[PDB]
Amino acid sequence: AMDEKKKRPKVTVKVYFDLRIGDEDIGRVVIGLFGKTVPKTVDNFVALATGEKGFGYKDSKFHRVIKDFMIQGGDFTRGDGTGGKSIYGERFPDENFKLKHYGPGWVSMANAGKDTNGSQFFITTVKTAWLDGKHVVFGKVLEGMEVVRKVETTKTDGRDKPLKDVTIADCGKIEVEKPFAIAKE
């Protein structure tokens, strides 16, 4: 079907992450970001990817990995899940819950309850509907889902911490010439 009448979010900007497991380069993940739907949340993530406020994601780790669920990172202050901050302060409100965790590859803010978004985020590896309405969804992996799956399946300990550090070796912003809609899947 052409799906003329299905409602869809638009990718307005992209971020790339070049990832490593231990000292091995494993490839690039490119995330499309929904800047018309959740501008405040996207602007935070993009600024943290560029490092332009003097802090950000470069060389931070994915400190919590759960196979058949998600990979979580973004704690660039403590690297353990206790830290991170947004460009608006330590915490900012949930912007909206317009988007859901529709399937593998959706990118969403980690939190410790209502209105506690900072810098930590996760990339789902399955549909995670139980987080809908609780975590703010703001992007989707468009390239490099296979690289996400390498992280997803890395050996972890009983606290879900990778045995070898999984790091964002490089990251930044990629401009999108013309915003484009994607399926809610």
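Counting begins at 1, following the sequence as shown.
As listed in the deposited structure, the average C-alpha B-factor of 156-164 and of 37-45 is greater for 156-164. Note on 72-80 vs 92-100: mean CA B-factor is higher in 72-80. The residue among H135, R64, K53, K140 whose C-alpha carries the highest B-factor in the deposited model is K53. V126 sits in the highest third of its chain by CA B factor, as recorded in the PDB entry. Ranked within its chain, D170 lands in the middle third, by CA B factor from the PDB record.
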